Amino acid sequence: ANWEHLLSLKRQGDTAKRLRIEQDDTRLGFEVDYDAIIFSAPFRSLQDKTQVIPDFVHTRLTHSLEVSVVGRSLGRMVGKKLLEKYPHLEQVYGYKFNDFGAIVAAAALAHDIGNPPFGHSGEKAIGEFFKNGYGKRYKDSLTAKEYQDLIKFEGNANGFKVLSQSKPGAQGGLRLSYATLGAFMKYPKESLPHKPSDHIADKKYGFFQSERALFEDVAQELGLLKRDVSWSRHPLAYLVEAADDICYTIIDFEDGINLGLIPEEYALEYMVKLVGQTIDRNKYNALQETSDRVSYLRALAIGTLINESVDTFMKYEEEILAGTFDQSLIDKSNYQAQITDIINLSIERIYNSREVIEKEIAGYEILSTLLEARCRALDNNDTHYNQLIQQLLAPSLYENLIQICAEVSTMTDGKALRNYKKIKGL
Amino acid sequence: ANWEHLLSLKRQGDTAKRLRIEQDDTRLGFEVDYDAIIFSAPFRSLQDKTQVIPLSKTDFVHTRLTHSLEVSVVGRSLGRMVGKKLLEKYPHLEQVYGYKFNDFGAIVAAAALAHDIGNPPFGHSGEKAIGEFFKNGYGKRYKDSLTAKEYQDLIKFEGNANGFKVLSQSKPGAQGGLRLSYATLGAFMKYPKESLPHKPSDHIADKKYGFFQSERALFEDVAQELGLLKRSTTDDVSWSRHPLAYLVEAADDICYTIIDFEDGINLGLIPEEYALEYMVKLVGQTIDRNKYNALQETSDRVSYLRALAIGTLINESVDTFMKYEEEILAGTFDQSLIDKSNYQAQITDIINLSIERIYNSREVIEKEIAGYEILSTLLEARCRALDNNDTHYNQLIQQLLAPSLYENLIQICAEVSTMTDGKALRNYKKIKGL
Ligand SMILES: [Mn+2]
Ligand SMILES: [Mn+2]
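Quick note, the sequences are listed as chains B and A, same order. As numbered in the authors' numbering, residues 2 to 55, 60 to 232, 237 to 404, 411 to 441 make up the first sequence, in order. As numbered in the authors' numbering, residues 2 to 404, 411 to 441 make up the second sequence, in order.
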C-alpha cells in the first residue's frame, strides 16, 4: 500500500484527479469533510440519541465530539512522524501533518453516525426482528448475504450508508474524501463469511450489500490490499478505533462515578498507573469536588493513552501498511490490565445497572414495533390502516428492507418513543 | 419507686382498682393494648407514611408501620428478658402480685408499637415546618392569646407529644382514645415533661417534652397512678421516666441505627463495600463468614449482618438495664441504655454514615423541602379558615380537611400530623390547582 494513494482527496463521481499540491489550504478537502458532517441531519440527530444511559450523561454527539478531538491529536502526531519517515509525502506531494489529523477527526466524528436509538441493544433488536420476529418471512426471498446484513444489522455499515447514500439532487451523500471513508471503515468486509478470523477487523462487517459497489470503488482508489470481498484496513482506521476505545473506556468510567454507580475510590485505584508519572499531587489534593478530581484523572489517563497509541502505531507501521497487524492499537497497550478492570467494572455497574437493562428491554419492543408496522405496510400497501401507517412513518425487497432499517435508525430516542406510542395509542 | 405501681393496669376512667392477680391471662390488659393499637385507625395510617426514605414502587423502603413493627418485636424481646431477671430480683412481684415475665414484654411491645404513631409526615422537617409556622409564619398572630406553654407546644410541636394525644384523645362516643393501660402509657412517655422549661438539662429525658397542655391533666393522673418520681416542684410539671421507657427507647435506637443502614445498602445509597467495615465489631464473634460468603444476594448478606448486630445489641441492652436498674428506678440514670454501649463508637459511625449517605441524599433533601411547603400550605389554609369560618372558600377548606383557641390550634396540628404522605400531597395539590 502507498501512502500517496491512501490519502486520496477523491469524492464520489469525480471525473478528474484531485492533487494535494493543488488544493486551496483554506478549503482543504479533508477539513471540509468535518464541516459537512457537523451540518448534516444525521449528525444533528445524535443530539437526542443515547450512548449507554438514558442529570448529565454523554449522548452520542458529545461522545462523537470527544472521539473526534482525541482522533485529531492521534492524527496530528502520527502525521508528523509519518512525514519524517517518508519525506517525499510532503516534499513531492505536498501533504502536511494536519491533513492526517483532519482525516482521523472527520472519520471519528462520523464513526457512530449510523447507530440506532438505544445503542447496541438497538442493533440487536433490529437483527432479532429479522432472525425470529416478523421479519423472518423474507428469509427465502433474500440472498444469504442480504439476510445476514439484516439479522446482524450493523451500525457501522449503516453509517457507511448514511454518509454515501445517493438521492435525487444529492448523489454521493455527504461526498466525503475517499481517505476519510477509508479511515471510517474499521471492518472492510461484507456480512459473510461470519468472523472468518479472530482479528478485530473480521469481528463485524462494514458495508451492506447495497453499498458493496461503492466501497469497492473506495478500496480501489485507496489501493487497499485485498484480504466474498474483504480488504486490509486503511492504516488511519486504527487511530479512529483507538480514539473511540480511549474515550468510551475512560469516559464511561467517569460518568459512572458521577452518577453514583461506581464508588469514587475505584478511580484512583484503577487509574494510578495511567496518571502516576504526570499527575500533580498538590493539584489533586486541593480539588474539593469528586467531579473535578475524576475529570483531572481522565484528562491525564487520556493523554497517557494517546501518547502510547501513537508509539504503538509507529512501531507497527509497516505491519499495518502490509495488512499483517493482528490486533487493535489498544490491545497492545501496557495498561491492558487496568483498561480491563475499568471496562469490567463499567459493565458490572453501568451496563448491567437496572435502568440500563430496563431501557434496553423497552427499546427492543419499541424498535420491533416500528419495524413491524413498516414491513406490514410494505407487504400490503392496500388496507386503510397501512395507508395511514405510511403517511405517519414514510411519506427491490432487499432495498426496501435495508431502507426501512436505515430510517428506523435515524430516529432519535425520543422520536422513536412518540411514534411507537401513537401506533399503540398511548 | 415501686414496681407494683409502675405495672399499673388502670385505664382512663377506672373507678375501681385492677389487681394483676385477678386478670384473665387470655385477656391480659397489657396484651389487649397491643391488639387495640394494631386495629386502630392511627396505626393503620402508618402504612402510608415515610419513615426516612420517600416511598417508591421500584424498591422496598421501610414505612412507619414496618419500622414500628420491628421496634415492637425488638422491644418485646427486651421486655421479656428484662422481665425474667426483674422477677428473679424481686420475686414478691410474681409470688404475691402475680406478674409474669411476658407482662413486661407486652408493655414494651405495645408502647414500642405506638412510639411513632403521632409523628407528622415528611420526617422532622414536618415537625419544624409546624413549629416555624407558629414561630414566625401565619401562626405568630396567636402568640398573645396563648400562654407561654400553649405557644411553646406550637412553635416546638413534637410528634412524641402528638402521639400521646393520639392515643388518649376523647371524642363523642369514645372517651379516652384507645384507653391503654397506664403502664403502657408510662413506657411510651420518654420525655415526661411539659414544653416549658426548655431543655433544663443535658439528660435525654429533657431533650424534648412528651405531652401538650391539652394532655397535662391526663399525664398527671398517669404519673400519680404509676408513682413516678417528681423532677420539678414548680407549676411546670416533670417526672422521672418509667423504667420500661428506657427499653422502648433502646429498641427504637437499635432498629433505626441498624435498619437504616440495611435499607441504605439495599437502595444503593451506601456502597456495599462498607457493610463489613462498619459491622465487624458488632458481629465479629457470632458471624459465620463461610455462610456470609456463600450468600449470593446483597440483601441476604446485609439482613444476616443486621440480625447478628441486633442480637448483639439486645443482649447488651438487657445487661445495661439490669446493671443500672436501681439508678433507673430512682430516676438518677442520666443517659440512654445505648449511650452506655461498648459499641458506642461503632453505633456513632453507622449513624454518621447514614446521615451523610441517606439523610443528606438528594431524594431525602428534596422530600424535606417539599414537605415544608406542603405542611406550611395546609397549616395556612386550616388557620385562615379557623379565623374567618364564614367565607365560601373557608367552608370548602373545612369540608376537605376537617368535617377554645389553643384547643383549635393544637387540634389542627394533630390533624395535619396524622395525614399520610399521599393525602397531604393530594390536598396540597388541590389547594394549589393541580
Ligand atoms: Mn463510539
Ligand atoms: Mn422510631
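Idealized CB from N, CA, C, for every residue including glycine.
Contact between the stretch 348 to 356 of chain B and the stretch 108 to 124 of chain B is defined here as three or more beta-carbon pairs at a separation below 8 Å; is this criterion met?
no
Measuring only from the beta carbon, is B:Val365 closer than 7 Å to any heavy atom that is part of ligand 1?
no
Would you list the residues whose beta-carbon is nearer than 5 Å to any heavy atom of ligand 1, in the order they occur in the chain?
B:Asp117, B:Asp253
Taking all protein chains shown into account, do 16 or more other C-beta atoms lie within 10 angstroms of the C-beta of B:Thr51, making it buried, or fewer, making it exposed?
buried
Is A:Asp117 closer than 8 Å to A:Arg81 when the C-beta atoms are compared?
no
How about B:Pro404: is its C-beta nearer than 8 Å to some C-beta of chain A?
no
Within 8 Å, strictly: CB atoms of B:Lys191 and B:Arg242
yes
Quick one: any contact between the stretch 210 to 221 of chain B and the stretch 30 to 40 of chain B, if contact means 3 or more CB pairs under 8 Å?
no
Less than 8 Å between CB atoms is the rule here; does A:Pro272 satisfy it with respect to chain B?
yes
Along the chain, where does the alpha helix (DSSP H) that runs through B:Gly30 open and close?
30 to 39
Please return the same chain residues whose Cβ sits closer than 8 Å to the Cβ of A:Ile39, not counting the five positions on each side in sequence.
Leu114
By how many angstroms is the C-alpha of B:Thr425 removed from the C-alpha of B:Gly119?
7 Å
Answer yes or no: the CB of A:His68 versus the heavy atoms of ligand 2, is any distance below 7 Å?
yes
Going residue by residue through the stretch 119 to 156 of chain A, where are the continuous alpha helix (DSSP H) segments of at least 4 residues, counting only ones entirely within it?
125 to 136, 149 to 156
C-beta atoms of A:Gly140 and A:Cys384 nearer than 8 Å
yes
Assign B:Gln396 to buried or exposed, taking buried as 16 or more other Cβ atoms, counted over all protein chains shown, within 10 Å of its Cβ.
exposed
Assess contact between the stretch 143 to 157 of chain A and the stretch 413 to 421 of chain B, defined as three or more Cβ pairs (one per stretch) separated by less than 8 Å. Is contact present?
no
Going by CA-CA distance only, name the one from A:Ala371, A:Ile315, A:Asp301, A:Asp254 that's closest to A:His68.
A:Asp254
Quick one: Cα of A:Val83 to Cα of A:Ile366, how far?
39 Å
Would the stretch 336 to 349 of chain B and the stretch 315 to 323 of chain B be scored as touching if the rule is three or more Cβ pairs under 8 Å?
yes
Report yes or no: do the stretch 298 to 307 of chain A and the stretch 327 to 336 of chain A share at least 3 C-beta pairs separated by less than 8 Å?
no
Using only the heavy atoms of ligand 2, determine whether one of them is closer than 7 Å to the beta carbon of A:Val72.
yes
Per DSSP, what are the beta-bridge partners of A:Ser239 in this structure?
A:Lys194
With distances taken between CB atoms, is the gap from B:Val303 to B:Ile266 smaller than 8 Å?
yes
Once DSSP output is grouped into helix, strand and coil, what is the label at A:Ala218?
helix
Out of curiosity, what's the CA-to-CA distance linking A:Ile370 and A:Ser377?
11 Å
Given that a residue counts as buried once 16 or more other Cβ atoms are within 10 Å of its Cβ, and exposed if not, what is B:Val281?
exposed
Rounded to whole angstroms, what's the CA-CA distance from B:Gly106 to B:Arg77? Just pull it up for me.
4 Å
Along the chain, where does the alpha helix (DSSP H) that runs through A:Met426 open and close?
Run containing A:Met426: none; DSSP gives neither H nor E here.
Of the choices A:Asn161, A:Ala246, A:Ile22, whose alpha-carbon is the least far from that of A:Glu95?
A:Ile22
Assuming A:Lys157 contacts A:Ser126 (C-beta within less than 8 Å), just tell me the rounded distance between them.
15 Å between Cβ atoms; not a contact.
Let me know if B:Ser202 comes out buried or exposed under the rule of 16 or more other beta-carbons within 10 Å of its beta-carbon.
exposed
Extent of the continuous alpha helix (DSSP H) run through B:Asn161
160 to 169
For A:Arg45, count neighbouring Cβ atoms within 10 angstroms of its own Cβ and tell me buried if that reaches 16, exposed if not.
exposed
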